[PDB]
Amino acid sequence: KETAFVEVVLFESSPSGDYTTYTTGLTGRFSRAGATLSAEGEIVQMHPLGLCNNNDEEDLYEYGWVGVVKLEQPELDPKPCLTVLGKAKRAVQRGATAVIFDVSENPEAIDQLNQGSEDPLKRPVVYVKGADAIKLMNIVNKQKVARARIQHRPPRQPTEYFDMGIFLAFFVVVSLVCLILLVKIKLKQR
Amino acid sequence: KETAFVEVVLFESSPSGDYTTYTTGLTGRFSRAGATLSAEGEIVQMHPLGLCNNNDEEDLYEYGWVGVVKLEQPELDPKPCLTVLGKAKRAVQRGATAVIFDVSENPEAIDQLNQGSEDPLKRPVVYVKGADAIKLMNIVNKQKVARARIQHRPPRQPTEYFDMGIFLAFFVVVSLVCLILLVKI
Amino acid sequence: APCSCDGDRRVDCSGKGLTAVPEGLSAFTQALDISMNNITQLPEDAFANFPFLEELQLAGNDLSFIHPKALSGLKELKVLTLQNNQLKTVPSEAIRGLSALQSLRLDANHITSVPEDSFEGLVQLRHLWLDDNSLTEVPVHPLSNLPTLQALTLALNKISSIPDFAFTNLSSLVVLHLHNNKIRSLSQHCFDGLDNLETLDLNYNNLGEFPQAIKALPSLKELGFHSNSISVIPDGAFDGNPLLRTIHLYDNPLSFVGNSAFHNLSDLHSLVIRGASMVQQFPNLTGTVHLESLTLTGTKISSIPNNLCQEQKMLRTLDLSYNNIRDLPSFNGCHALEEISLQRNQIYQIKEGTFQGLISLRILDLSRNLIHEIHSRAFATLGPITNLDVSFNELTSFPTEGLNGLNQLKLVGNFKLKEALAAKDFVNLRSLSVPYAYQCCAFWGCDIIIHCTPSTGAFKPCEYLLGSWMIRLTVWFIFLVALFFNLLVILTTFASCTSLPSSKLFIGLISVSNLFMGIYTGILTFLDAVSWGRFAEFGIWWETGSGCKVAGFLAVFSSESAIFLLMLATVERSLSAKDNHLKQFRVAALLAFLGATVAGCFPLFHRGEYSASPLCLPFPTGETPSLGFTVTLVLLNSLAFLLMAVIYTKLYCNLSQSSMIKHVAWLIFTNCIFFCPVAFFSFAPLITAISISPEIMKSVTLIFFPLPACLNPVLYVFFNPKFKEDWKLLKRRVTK
Amino acid sequence: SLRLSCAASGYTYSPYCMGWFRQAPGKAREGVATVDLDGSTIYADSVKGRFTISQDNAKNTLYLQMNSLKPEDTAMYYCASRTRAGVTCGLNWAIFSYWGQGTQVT
Amino acid sequence: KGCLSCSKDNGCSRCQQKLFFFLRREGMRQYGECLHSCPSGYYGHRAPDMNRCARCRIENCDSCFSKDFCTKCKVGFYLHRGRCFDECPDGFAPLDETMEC
Amino acid sequence: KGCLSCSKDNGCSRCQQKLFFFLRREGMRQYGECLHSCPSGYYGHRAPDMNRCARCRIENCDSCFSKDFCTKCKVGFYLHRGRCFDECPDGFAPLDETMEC
């Protein structure tokens with residue numbers, strides 16, 4: 001699917017009410033289980049087993065947090081309490097602006113998210129794996145606070161597809177020629 | 001210019017920890033002073049005189065707050081401390097991830113924001129007016145906490161066209177070929 | 001009843017519109033707050049019902065009279081507020097007898113006179129407010145009765161000068177405010193005996209020279225003067241304030257601050273000097289090792305001592321923005337230095353050790369210098385640098401070693417930096433400004449995500465020049481047809497047949513002009529074919545080189561020659577249809593050719609109007625032009641077309657030669673119709689781009705500029721019957 | 001035209017810096033005419049020349065004679081005095097210690 | 001600390017069957033761990049997946065053993081019995097410094 | 001409301017010559033109001049253009065004469081001259097039950 005650019009912003013607070021920011025870039029992939037929309041919010045890690053619908057209300061998070069969830073080996077847990085779609089829905093309901101999955105060690109999660117396109121989630125769901133996932137987990141472990149900004153390039157690969165304008169010009173030319181041809185045919189007939 | 005889509009989310013926390021959200025949409029205008037990006041945060045209203053450049057210490061705000069500034073009559077302010085660009089820069093320094101100016105009395109502010117691209121700002125600067133600004137200010141005055149999402153217009157582009165466009169091109173070109181063949185014959 | 005009693009019997013009755021002291025209140029109350037009521041006067045024994053009053057507030061009433069036997073017996077009173085009333089003087093008789101008063105407010109009263117016996121009996125007064133009164137001189141004798149005062153403010157009064165021994169008895173003063181008085185002179189001993197003073201404000205006065213009275217302050221910590229007329233700060237001015245911490249000296253016309261003025265100040269934190277033009281030596285900062293931010297922006301500093309580093313171990317900010325700095329000593333040490341701003345100086349090189357170490361160096365700025373070389377590893381030792389602003393210099397090669405962590409890079413100037421940057425070195429770079437958009441093109445912009453200030457905009461193509469394959473093929477076809485048919489028309493006309501009428505001469509000349517336009521299109525398409533997918537490297541030197549100039553000259557010469565020859569043909573046809581002329585028509589054609597040549601060579605030597613695009617056409621002017629050539633050409637061509645159309649329609653109204661008439665009519669129609677969109681898109685960037693794309697502008701210009709050149713010879717060959725017969729007879733002649 | 005007589009009950013020695021004050025309703029008490037220990041007299045400029053003030057130390061009583069009255073002088077008049085160490089002129093109401101009941105003049 | 005598996009990023013996901021699973025959050029991190037006694041403000045319940053500690057829902061009590069029962073209450077609040085009350089009705093067991101009434 | 005402009009959204013903007021302008025923030029709203037004196041924890045700076053009310057950064061005290069001098073410390077601090085200390089240095093009296101040194 002289309003790539004998702006995640007900018008993690010580390011900010012330091014000067015005593016006189018000022019902020020100094022450093023931005024680091026990561027690349028993940030959007031999932032069809034959620035919409036393709038930009039999101040922004042403070043990074044919050046949610047344990048995969050700590051995000052389920054069976055547990056009662058606890059640790060009410062303020063609305064607008066980007067959830068980073070890491071996935072372990074499914075064969076490690078013989079009984080899956082909840083699927084990835086269920087976890088994403090639960091996070092969104094609890095107030096996650098977007099969900100970032102570390103699917104490096106759970107390859108089947110990508111397939112499940114891709115096939116789960118029948119009930120898309122309103123908030124974006126983006127999965128990241130590999131060196132980008134390792135860097136994200138390192139940032140989460142080291143830094144005390146951050147702010148994830150997930151976005152996608154508004155243009156596609158053709159970069160607004162100027163071939164549409166080229167075809168517009170060609171269509172105007174050929175339409176004028178066709179009109180001239182029809183005028184000629186009408187004159188010949190009459 | 002780019003017709004930014006500003007969505008204000010009013011969220012209520014259920015006792016079970018599941019937020020219930022109501023979204024209200026409005027259309028603003030991107031300013032050339034700020035880069036055309038998409039931002040998101042919590043709404044914080046800033047008094048126009050609040051964004052003063054004097055270094056007498058300021059209250060600390062959490063990073064990533066969408067600033068809503070209601071501009072006033074220019075003749076009300078004889079000697080402004082900072083221009084609109086200065087206010088936007090001050091808010092960005094304070095930690096704003098986006099600034100929304102309710103330009104309902106200062107079209108000169110719109111003009112200077114549009115012309116001020118000498119030192120563009122990284123974060124977007126959106127200006128609104130009319131009934132959209134009226135309802136934004138009503139929400140700010142009434143509700144307690146709300147979340148702002150400034151989304152850029154998704155430029156998909158082709159409404160149908162494409163395949164049927166090239167089909168039309170093929171039809172017209174074969175009609176022209178038939179015309180040439182018949183006039184030659 | 002209107003009063004709102006609090007839990008600890010604190011009566012609060014403000015804004016109730018009372019005209020007298022509240023009655024029927026608890027006699028044991030502590031604080032009384034009648035602020036916004038309309039209490040005009042205080043009658044005798046108005047506070048007889050509040051023996052244990054502790055804090056009386058009267059801020060806001062139009063209070064203008066206090067009886068001498070009022071607020072009497074209030075021996076427990078400690079705070080009294082009378083700020084925003086209308087008292088014309090300090091209540092000397094009313095205020096006496098408050099032996100326990102500890103704070104008195106008289107801020108906004110329009111006080112102009114102070115009785116000589118005021119403030120009698122205020123044994124333990126510790127705060128005094130006299131902010132907005134219209135005082136003329138400091139009440140020395142009234143202030144002589146307050147030996148326990150600790151805070152005094154005379155900010156908004158109108159004080160001309162402070163005489164000697166004004167505050168001699170204030171042995172325990174701590175804070176002194178003299179903000180906006182119009183003080184112009186301070187005596188040598190005005191601040192004599194004023195020990196324990198820590199804060200002194202003289203911000204918006206009109207001091208002429210630097211006061212010496214501060215030499216008598218041994219415990220001063222904060223000193224201010226913001227809007228005085230101070231011009232010179234003599235050396236040794238601050239030798240009497242070893243504990244000085246903050247000095248506010250800005251917004252005043254400093255001229256010469258000496259050398260050892262800021263010397264032996266142990267606890268000084270920040271030093272900021274701006275506009276000290278006459279300074280030409282670095283300040284002798286020996287002994288000041290706790291400095292945190294040093295700025296000398298406007299001066300004539302010639303060099304930086306090597307001892308600036310290794311001292312002032314914090315030095316979190318360094319600034320030298322307007323100086324004659326030529327050499328940069330190595331900043332070996334000073335590990336806490338975060339920002340360096342060395343701009344608008346005479347720096348001509350950066351050496352490898354120049355930024356040795358420099359841990360936690362976030363921002364480095366050299367935005368105006370005569371830099372022509374940078375060492376290969378000049379940035380290797382840098383830490384988390386997020387801003388490196390090196391612009392408007394004479395750079396030729398920009399090293400990239402040890403710059404992977406950069407977050408924003410600026411190279412706005414440096415027109416000689418023809419080299420293309422390697423995007424591999426900058427991984428997490430977010431914003432970049434480069435001398436030419438082709439440098440940014442290598443960073444995959446408009447598609448990890450990097451922003452550029454010079455946008456490619458589909459006018460400086462990062463990809464192939466022409467763009468779409470449809471456009472490429474149609475431009476190739478236009479070039480082929482124009483070249484071949486113009487060559488054929490010229491060979492038929494000027495070579496074989498000896499007939500040389502004016503109309504045939506004009507047709508041949510316009511065919512020559514169209515041939516030149518076709519050869520311009522041909523060299524353009526040859527360049528595009530050579531640069532297939534890698535156009536950035538070719539374009540970084542095509543616009544700068546002479547190829548762009550010669551191609552643009554060919555294009556504009558062809559266009560102007562065609563227009564002028566069309567106009568002359570219209571005039572000749574008008575004259576012929578009205579009813580020797582060969583010589584005048586030939587010299588007119590020569591004049592038209594010379595005019596086209598001079599119009600073409602005008603941007604070649606003047607203003608450099610070319611190199612605005614790889615198309616090297618000043619007419620489309622994708623960037624905003626100077627409106628010195630484009631608008632003139634537009635108006636000239638429009639006027640010529642209007643004149644030709646008027647002549648043609650006049651002759652058509654007036655009326656063998658019909659073949660030439662219709663040939664000229666077709667030529668005029670084609671040329672005007674195909675020139676209209678080019679003129680339209682010429683001024684499109686100038687106006688607001690309401691759904692206007694530079695890509696579609698380039699497409700339209702590229703497809704329509706050589707179209708008349710490709711179209712005229714085809715019409716001439718196919719339509720003109722007598723000239724077709726001429727072609728047949730000349731073909732027979734050349735075969736024979 | 002008329003005369004206002006002020007009598008002081010308390011008497012220790014020659015009172016210092018007597019004076020007369022005038023107050024329009026809802027504003028401050030300005031001074032009209034004052035004297036001092038040695039007999040020097042200070043008059044308000046707006047009332048300079050018309051009013052005259054004389055003290056009788058034998059009966060320690062003030063007398064303010066007023067002539068050619070004008071309708072804007074209608075106000076309440078008070079008789080004020082002090083006793084000790086007063087250098088400033090009597091036009092300032094703060095320096096006085098004892099204030100009379102004050103009458104109304106129209 | 002002992003568990004079947006323990007990833008560095010999110011601690012030990014799978015704990016022992018007889019050991020309570022409790023997740024702690026600090027900063028941006030939230031990681032699991034295994035412990036036998038849930039700390040103050042938590043109680044252990046046999047969830048369908050594994051026995052886990054959950055925050056006490058009893059009002060104004062710093063310790064509990066179930067959703068409703070509270071074993072230890074705070075100082076400003078009172079613990080009359082398993083069900084917590086602001087202050088127990090009179091005519092019952094005195095304070096006796098045991099908080100029981 | 002003791003103001004000259006009194007905008008509906010931003011509240012007061014400009015006021016009388018002798019009034020203090022202060023920016024009260026509640027929820028998302030931040031509106032200007034004018035007071036004869038600063039509230040607790042604030043100090044008033046008088047200027048010809050606009051008398052402003054600002055917050056003093058000096059710690060351990062909630063009522064300030066200026067930006068580096070406060071008149072009333074917290075409950076458990078002693079005011080020596082303008083600063084608040086746990087205990088003033090040697091050669092000075094104790095709190096004397098009056099919370100001052």
# chains A, B, ... in the order shown; residues from 1 in each chain; ligands from 1
>>> closest_atom_pairs(of="chain E", to="chain A", cutoff="6 Å", atoms="only C-alpha atoms", output="JSON lines")
{"residue": "E:27", "atom": "CA", "partner": "A:144", "partner_atom": "CA", "distance": 5.2}
{"residue": "E:28", "atom": "CA", "partner": "A:44", "partner_atom": "CA", "distance": 5.0}
{"residue": "E:29", "atom": "CA", "partner": "A:45", "partner_atom": "CA", "distance": 5.6}
{"residue": "E:30", "atom": "CA", "partner": "A:45", "partner_atom": "CA", "distance": 5.8}
>>> interface_residues(of="chain D", to="chain C", cutoff="8 Å", atoms="only C-alpha atoms", output="list in words")
residues 26, 27, 28, 29, 85, 86, 87, 88, 92, 94, 95, 96, 97 and 98 of chain D
>>> residues_around(residues="residue 6 of chain B", least_positions_apart="2", cutoff="6 Å", atoms="only C-alpha atoms", output="CSV table (one decimal) with N, CA, C and O atoms, in the first residue's frame")
chain,number,residue,atom,x,y,z
B,25,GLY,N,-17.1,20.2,10.8
B,25,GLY,CA,-16.2,20.6,9.8
B,25,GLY,C,-16.3,22.0,9.3
B,25,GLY,O,-17.4,22.6,9.5
B,26,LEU,N,-15.2,22.6,8.9
B,26,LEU,CA,-15.3,23.9,8.3
B,26,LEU,C,-14.1,24.1,7.3
B,26,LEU,O,-13.2,23.3,7.3
B,149,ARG,N,-8.1,19.5,14.0
B,149,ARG,CA,-7.4,18.7,12.9
B,149,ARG,C,-7.4,19.5,11.6
B,149,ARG,O,-8.5,19.7,11.1
B,150,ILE,N,-6.3,20.0,11.2
B,150,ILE,CA,-6.2,20.7,10.0
B,150,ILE,C,-5.6,19.7,8.9
B,150,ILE,O,-4.4,19.4,8.9
>>> interface_residues(of="chain B", to="chain C", cutoff="10 Å", atoms="only C-alpha atoms", output="PyMOL selection string")
chain B and resi 1+35+119-120+122
>>> residues_around(residues="segment 505-509 of chain C", least_positions_apart="3", cutoff="12 Å", atoms="only C-alpha atoms", output="PyMOL selection string")
chain C and resi 485-495+497-502+512-516+558+561-573+582-583+585-590+592-593+660+663-664+667+712-713+715-717+720+723
>>> residues_around(residues="segment 41-48 of chain D", least_positions_apart="2", cutoff="9 Å", atoms="only C-alpha atoms", output="mmCIF file with N, CA, C and O atoms, in the first residue's frame")
data_model
loop_
_atom_site.group_PDB
_atom_site.id
_atom_site.type_symbol
_atom_site.label_atom_id
_atom_site.label_comp_id
_atom_site.auth_asym_id
_atom_site.auth_seq_id
_atom_site.Cartn_x
_atom_site.Cartn_y
_atom_site.Cartn_z
ATOM 1 N N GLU D 30 -10.950 72.339 48.208
ATOM 2 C CA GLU D 30 -9.886 73.270 47.868
ATOM 3 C C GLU D 30 -9.752 74.327 48.959
ATOM 4 O O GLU D 30 -10.639 74.504 49.791
ATOM 5 N N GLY D 31 -8.619 75.022 48.963
ATOM 6 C CA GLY D 31 -8.372 76.092 49.916
ATOM 7 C C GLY D 31 -8.589 77.446 49.261
ATOM 8 O O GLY D 31 -8.257 77.635 48.092
ATOM 9 N N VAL D 32 -9.148 78.386 50.021
ATOM 10 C CA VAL D 32 -9.481 79.707 49.504
ATOM 11 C C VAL D 32 -8.578 80.786 50.096
ATOM 12 O O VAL D 32 -8.112 81.674 49.381
ATOM 13 N N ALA D 33 -8.314 80.721 51.398
ATOM 14 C CA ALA D 33 -7.506 81.739 52.058
ATOM 15 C C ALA D 33 -6.908 81.152 53.324
ATOM 16 O O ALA D 33 -7.617 80.508 54.102
ATOM 17 N N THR D 34 -5.612 81.378 53.533
ATOM 18 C CA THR D 34 -4.920 80.835 54.693
ATOM 19 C C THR D 34 -3.951 81.870 55.243
ATOM 20 O O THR D 34 -3.497 82.770 54.534
ATOM 21 N N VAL D 35 -3.635 81.722 56.529
ATOM 22 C CA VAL D 35 -2.665 82.572 57.212
ATOM 23 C C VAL D 35 -1.646 81.670 57.895
ATOM 24 O O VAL D 35 -1.669 80.448 57.713
ATOM 25 N N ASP D 36 -0.739 82.256 58.666
ATOM 26 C CA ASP D 36 0.257 81.466 59.385
ATOM 27 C C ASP D 36 0.576 82.175 60.698
ATOM 28 O O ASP D 36 -0.165 83.061 61.136
ATOM 29 N N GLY D 39 1.460 86.051 60.441
ATOM 30 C CA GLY D 39 0.470 86.884 59.795
ATOM 31 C C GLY D 39 0.532 86.928 58.285
ATOM 32 O O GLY D 39 -0.287 87.625 57.674
ATOM 33 N N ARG D 50 -10.851 89.311 46.164
ATOM 34 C CA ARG D 50 -12.197 89.498 46.696
ATOM 35 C C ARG D 50 -12.267 89.152 48.180
ATOM 36 O O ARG D 50 -12.564 90.011 49.016
ATOM 37 N N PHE D 51 -11.994 87.897 48.524
ATOM 38 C CA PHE D 51 -12.084 87.471 49.912
ATOM 39 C C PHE D 51 -10.925 88.041 50.719
ATOM 40 O O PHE D 51 -9.823 88.249 50.204
ATOM 41 N N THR D 52 -11.180 88.299 51.998
ATOM 42 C CA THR D 52 -10.111 88.668 52.915
ATOM 43 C C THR D 52 -10.271 87.881 54.206
ATOM 44 O O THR D 52 -11.387 87.570 54.626
ATOM 45 N N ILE D 53 -9.143 87.546 54.826
ATOM 46 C CA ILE D 53 -9.125 86.712 56.021
ATOM 47 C C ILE D 53 -8.336 87.428 57.106
ATOM 48 O O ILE D 53 -7.216 87.892 56.863
ATOM 49 N N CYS D 89 2.501 76.107 52.493
ATOM 50 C CA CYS D 89 1.378 77.027 52.553
ATOM 51 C C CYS D 89 0.093 76.276 52.900
ATOM 52 O O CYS D 89 0.013 75.048 52.829
ATOM 53 N N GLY D 90 -0.928 77.039 53.271
ATOM 54 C CA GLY D 90 -2.160 76.454 53.748
ATOM 55 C C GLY D 90 -3.124 75.970 52.692
ATOM 56 O O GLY D 90 -4.199 75.472 53.037
ATOM 57 N N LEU D 91 -2.784 76.092 51.409
ATOM 58 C CA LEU D 91 -3.706 75.669 50.363
ATOM 59 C C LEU D 91 -3.866 74.157 50.287
ATOM 60 O O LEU D 91 -4.755 73.682 49.573
#
>>> closest_residue(among="C:26, C:270, C:455, C:157", to="residue 52 of chain C", atoms="only C-alpha atoms")
C:26
>>> interface_residues(of="chain A", to="chain C", cutoff="9 Å", atoms="only C-alpha atoms", output="VMD selection string")
chain A and resid 5 22 to 27 153 to 159 162 to 163 165 to 167 169 to 170
>>> interface_residues(of="chain B", to="chain A", cutoff="6 Å", atoms="only C-alpha atoms", output="MDAnalysis selection string")
chainID B and resid 16:18 40 57:58 60 93:95 154
>>> write_last_selection(atoms="N, CA and C atoms", output="compact mmCIF listing (two decimals), in the first residue's frame")
# COMPACT_ATOMS: atom_id res chain seq x y z
N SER B 16 -16.52 4.26 31.34
CA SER B 16 -15.81 3.04 30.99
C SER B 16 -14.51 3.30 30.23
N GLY B 17 -14.18 4.56 29.96
CA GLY B 17 -12.95 4.89 29.28
C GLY B 17 -13.02 4.91 27.77
N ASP B 18 -14.22 4.94 27.19
CA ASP B 18 -14.40 4.95 25.74
C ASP B 18 -14.93 6.31 25.34
N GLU B 40 -2.44 18.65 13.88
CA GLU B 40 -3.47 18.18 14.79
C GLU B 40 -3.03 18.48 16.22
N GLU B 57 9.21 36.34 30.81
CA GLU B 57 8.77 34.98 31.12
C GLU B 57 7.32 34.76 30.68
N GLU B 58 7.01 33.55 30.24
CA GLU B 58 5.67 33.21 29.78
C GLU B 58 5.27 31.87 30.38
N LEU B 60 4.16 28.11 30.52
CA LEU B 60 4.62 26.99 29.71
C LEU B 60 3.43 26.16 29.24
N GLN B 93 7.19 29.35 18.41
CA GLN B 93 8.23 29.24 19.43
C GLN B 93 7.66 28.75 20.76
N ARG B 94 6.49 29.26 21.15
CA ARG B 94 5.84 28.81 22.37
C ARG B 94 5.46 27.34 22.30
N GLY B 95 5.25 26.80 21.10
CA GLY B 95 5.03 25.37 20.96
C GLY B 95 3.80 25.00 20.16
N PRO B 154 -7.28 16.40 -0.06
CA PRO B 154 -6.73 15.24 -0.76
C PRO B 154 -6.89 15.39 -2.26
>>> closest_atom_pairs(of="chain F", to="chain C", cutoff="10 Å", atoms="only C-alpha atoms", output="CSV")
residue,atom,partner,partner_atom,distance
F:17,CA,C:108,CA,9.2
F:18,CA,C:108,CA,6.2
F:19,CA,C:84,CA,8.2
F:35,CA,C:60,CA,9.5
F:36,CA,C:60,CA,6.6
F:37,CA,C:59,CA,7.8
F:45,CA,C:155,CA,9.4
F:46,CA,C:131,CA,7.4
F:47,CA,C:156,CA,7.5
F:48,CA,C:156,CA,7.8
F:65,CA,C:151,CA,7.6
F:66,CA,C:175,CA,8.3
F:67,CA,C:199,CA,9.9
F:68,CA,C:199,CA,8.1
F:69,CA,C:175,CA,7.6
F:70,CA,C:151,CA,9.8
F:71,CA,C:127,CA,8.5
F:81,CA,C:150,CA,7.5
F:82,CA,C:174,CA,8.0
>>> residues_around(residues="residue 87 of chain A", least_positions_apart="4", cutoff="7 Å", atoms="only C-alpha atoms", output="PyMOL selection string")
chain A and resi 51-52+82-83+91
>>> closest_residue(among="F:77, F:92, F:20, F:31", to="chain B", atoms="only C-alpha atoms")
F:31
>>> residues_around(residues="segment 135-139 of chain B", least_positions_apart="3", cutoff="9 Å", atoms="only C-alpha atoms", output="MDAnalysis selection string")
(chainID B and resid 8 26 68 70 102 130:132 142:144 146) or (chainID F and resid 9)
>>> closest_atom_pairs(of="chain B", to="chain F", cutoff="8 Å", atoms="only C-alpha atoms", output="JSON lines")
{"residue": "B:43", "atom": "CA", "partner": "F:28", "partner_atom": "CA", "distance": 6.5}
{"residue": "B:44", "atom": "CA", "partner": "F:28", "partner_atom": "CA", "distance": 4.9}
{"residue": "B:45", "atom": "CA", "partner": "F:29", "partner_atom": "CA", "distance": 5.5}
{"residue": "B:46", "atom": "CA", "partner": "F:30", "partner_atom": "CA", "distance": 6.0}
{"residue": "B:47", "atom": "CA", "partner": "F:30", "partner_atom": "CA", "distance": 6.1}
{"residue": "B:49", "atom": "CA", "partner": "F:13", "partner_atom": "CA", "distance": 8.0}
{"residue": "B:50", "atom": "CA", "partner": "F:23", "partner_atom": "CA", "distance": 7.4}
{"residue": "B:70", "atom": "CA", "partner": "F:10", "partner_atom": "CA", "distance": 7.2}
{"residue": "B:76", "atom": "CA", "partner": "F:5", "partner_atom": "CA", "distance": 7.9}
{"residue": "B:137", "atom": "CA", "partner": "F:9", "partner_atom": "CA", "distance": 7.4}
{"residue": "B:140", "atom": "CA", "partner": "F:28", "partner_atom": "CA", "distance": 6.6}
{"residue": "B:141", "atom": "CA", "partner": "F:29", "partner_atom": "CA", "distance": 6.5}
{"residue": "B:144", "atom": "CA", "partner": "F:27", "partner_atom": "CA", "distance": 5.4}
{"residue": "B:145", "atom": "CA", "partner": "F:28", "partner_atom": "CA", "distance": 6.4}
>>> write_last_selection(atoms="C-alpha atoms", output="tab-separated table (two decimals), in the first residue's frame")
chain	number	residue	atom	x	y	z
B	43	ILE	CA	-7.49	24.02	20.69
B	44	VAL	CA	-5.95	26.86	22.70
B	45	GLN	CA	-7.24	30.41	22.26
B	46	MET	CA	-4.62	33.16	22.42
B	47	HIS	CA	-5.46	36.79	23.00
B	49	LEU	CA	-2.15	41.06	22.77
B	50	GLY	CA	-1.02	37.89	24.55
B	70	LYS	CA	-9.31	36.24	17.04
B	76	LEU	CA	-8.18	49.43	17.90
B	137	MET	CA	-15.56	31.07	18.02
B	140	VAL	CA	-14.42	27.91	21.62
B	141	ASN	CA	-16.61	30.03	23.90
B	144	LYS	CA	-14.46	23.25	27.46
B	145	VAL	CA	-11.99	21.06	25.52
>>> decode(residues="segment 18-29 of chain E", atoms="N, CA and C atoms", output="compact mmCIF listing (two decimals), in the first residue's frame")
# COMPACT_ATOMS: atom_id res chain seq x y z
N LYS E 18 0.81 -19.36 37.90
CA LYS E 18 0.52 -19.03 39.29
C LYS E 18 0.98 -17.63 39.68
N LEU E 19 1.54 -16.86 38.75
CA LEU E 19 2.10 -15.55 39.04
C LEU E 19 1.27 -14.47 38.35
N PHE E 20 0.95 -13.42 39.09
CA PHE E 20 0.16 -12.32 38.55
C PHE E 20 0.94 -11.56 37.49
N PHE E 21 0.24 -11.15 36.43
CA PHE E 21 0.81 -10.34 35.37
C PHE E 21 0.37 -8.89 35.56
N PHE E 22 1.34 -7.99 35.68
CA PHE E 22 1.06 -6.58 35.90
C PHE E 22 1.92 -5.74 34.97
N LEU E 23 1.30 -4.73 34.35
CA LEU E 23 1.99 -3.86 33.41
C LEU E 23 2.18 -2.48 34.03
N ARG E 24 3.40 -1.97 33.97
CA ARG E 24 3.74 -0.66 34.50
C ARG E 24 4.09 0.29 33.36
N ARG E 25 3.64 1.53 33.49
CA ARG E 25 3.88 2.57 32.49
C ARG E 25 4.66 3.72 33.11
N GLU E 26 5.74 4.11 32.45
CA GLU E 26 6.46 5.33 32.78
C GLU E 26 6.87 6.02 31.49
N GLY E 27 6.67 7.34 31.44
CA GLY E 27 6.97 8.07 30.22
C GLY E 27 6.12 7.56 29.07
N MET E 28 6.79 7.23 27.97
CA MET E 28 6.12 6.63 26.83
C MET E 28 6.14 5.11 26.86
N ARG E 29 6.79 4.50 27.85
CA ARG E 29 6.92 3.05 27.91
C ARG E 29 5.82 2.45 28.77
